[PDB]
Structure formats: C-alpha cells, structure tokens
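Undergrad: Here is the sequence, then the experimental structure:
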Amino acid sequence: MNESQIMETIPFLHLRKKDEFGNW
Amino acid sequence: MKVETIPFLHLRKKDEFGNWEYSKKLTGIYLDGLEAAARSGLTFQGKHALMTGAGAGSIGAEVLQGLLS
C-alpha cells in the first residue's frame, strides 16, 4: 500500500503470480 | 530497521520498476487544491477546452458546467 514510508537474483526467466493487489 | 489509511482519492508515482504506488506528496498537493476548490472555488478564466462525450446527464456534462462557471 505505501512502499515509500516503510522502506540473490531473479532468473532471467521467471514466472510470476498476482498479489491481492493485482501485481505480477 | 501507527495505523494509516489510503485517501479514497490519491495520485501515484512510478517506481524504478514502473509501479504506480501511492504518493502522499502528490495526493497531498492535489487534495489540497481539491479542498481549496470546495472553499473559495476554482476559476478557468482564459482557458480553452475541447470536450467529447458531454452528453446530457453524463460526467462530461457536469465537468462542462464546471469550466463554464
């Protein structure tokens, strides 16, 4: 909801899934 | 290394990873004018605007009267 206040690797080839907040 | 809420009406900004995340900075600067409007109003003097879809009884219809005032 607010990443701004709060705050190895990624494949090259990866799948994704959707968040409650439709995010891949 | 406090309860908070989201403003029903907020702007956003894009992350490095093109994400539209809630930006209080903007949501503020907007909502502020949005309030300033409800108070002392808001002028469009001198402005020219084109509007399509301003049918009778539509959102456009209202926005029209807006700019017309």
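TA: Thanks, I have the structure now. Numbering: from 1, shown residues only, chains lettered A, B, ... in the order given.
Undergrad: Could you use CA atoms for every contact and neighbour count after this?
TA: Noted.
Undergrad: What residues does whichever residue of chain A sits closest to chain B make contact with?
TA: Ranked by CA to the nearest CA, the top residue of chain A for proximity to chain B is residue A:2, at 5.9 Å. By CA atoms under 8 Å, 6 or more residues apart in numbering or on different chains, the contact set of residue A:2 is B:21, B:22, B:23.
Undergrad: if I read this right, the last one contacts residue B:15, doesn't it?
TA: No. With contacts defined as CA atoms under 8 Å, residue B:23 does not count as touching residue B:15, sitting 10.5 Å away.
Undergrad: Please tell me how far the most far-flung residue of chain A relative to its centre sits from residue B:23.
TA: Farthest-out residue of chain A from its mean C-alpha position, per CA atoms, centre = their mean: residue A:5, at 16.9 Å. Remark: distance between residue A:5 and residue B:23 (CA to CA, to the nearest Å) = 10 Å.
Undergrad: Doesn't residue B:21 lie inside a strand?
TA: Yes. Counting by DSSP: H, G, I helix; E, B strand; the rest coil, residue B:21 is part of a strand.
Undergrad: residue contacts, it?
TA: Applying CA under 8 Å, 6+ apart to residue B:21 gives the contacts A:1, A:2, A:3, B:12, B:13, B:14, B:15.
Undergrad: Narrow those residues to those in strands?
TA: B:12, B:13, B:14 (DSSP state E).
Undergrad: Which single one of these is nearest to residue B:29?
TA: residue B:12 (11.7 Å; CA to CA).
Undergrad: Surely that closest one touches residue B:23?
TA: Yes. Under the criterion of CA under 8 Å, residue B:12 lies in contact with residue B:23, with a separation of 4.9 Å.
Undergrad: more crowded one of these two?
TA: Neighbours were counted for residue B:12 and for residue B:23 using other CA atoms under 10 Å in any protein chain shown; residue B:23 has more, 18 against 14.
Undergrad: any idea how far chain A is from that one?
TA: 8 Å (CA to the nearest CA, to the nearest Å).
Undergrad: contacting residues for the residue nearest to residue A:16 when sequence neighbours are not counted?
TA: Using CA to CA, 6 or more residues apart in numbering or on different chains and skipping residues adjacent in sequence, the residue nearest residue A:16 is residue A:24, 5.4 Å away. With contact set as CA under 8 Å, 6+ apart, residue A:24 has these partners: A:16, A:17, A:18.
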